[PDB]
């Protein structure tokens, strides 16, 4: 149970999960229990936020249908109090902990990949390798802009590879209670609580 209802020790996270009534737009489904502040939830909706100075439009403008998924992902990363069982210590300059091999529901990965098909990028790992010397990430030497499909030939390649394995792709369905959903209605409770509960008891 020590892995339940926690916030990892990372760059913006709160020390502990709490109610956040004013979570902005896409993060609001987390408003009953979040690891992010309202300010953070607000900032992550912005192009090239002050959170990480990360530019989504690094190979031209990213399609809205695609960008929403990255915003959604950032909501989960910053707000989720239910990733306890996958938290690992990594000792990095901008975070002492992170999560790895979170069982992301296949349909979520599939939808993300499909909606991002018509967008563009220059790298398959977005955590390491950028040219930051202007202050925001720019394609490094040798990295050409291409379609998403080029750098991520399958859904799993994007979902698992883009954020250096924060996720593994689960063969479980949305609503199985056996995989983490990036996209959920939380009117009747956050569905990923049950997921974290289940995998914490697996030991």
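Here, rigid core means the biggest group of C-alpha atoms that superpose within 1.5 Å across both forms. Residue numbers count along the first chain shown, from 1.
In summary, of the stretches 185 to 193 and 16 to 24, 185 to 193 shows the greater Cα distance from the shown form in 4 other deposited structures of this protein, with structures fitted on the rigid core. Comparing 111 to 119 with 94 to 102 by root mean square Cα distance to the shown form in 4 other deposited structures of this protein, with the rigid core used for the fit, gives 94 to 102 as the more displaced stretch.
When the Cα B-factors of 72, 121, 80, 89 are read from the PDB record, 89 comes out highest. Per the deposited record, the Cα B-factor of residue 176 falls in the middle third when ranked against the other modelled residues of its chain.
In the deposited entry, the Cα temperature factor of residue 50 places it in the middle third of its chain's modelled residues. For residue 146, the recorded CA B-factor ranks within the middle third of the chain. Only modelled residues enter the ranking.
Sort the modelled residues of the chain by CA B factor and residue 187 lands in the highest third.
Compared with the other modelled residues of the chain, the Cα B-factor recorded for residue 59 ranks in the highest third.
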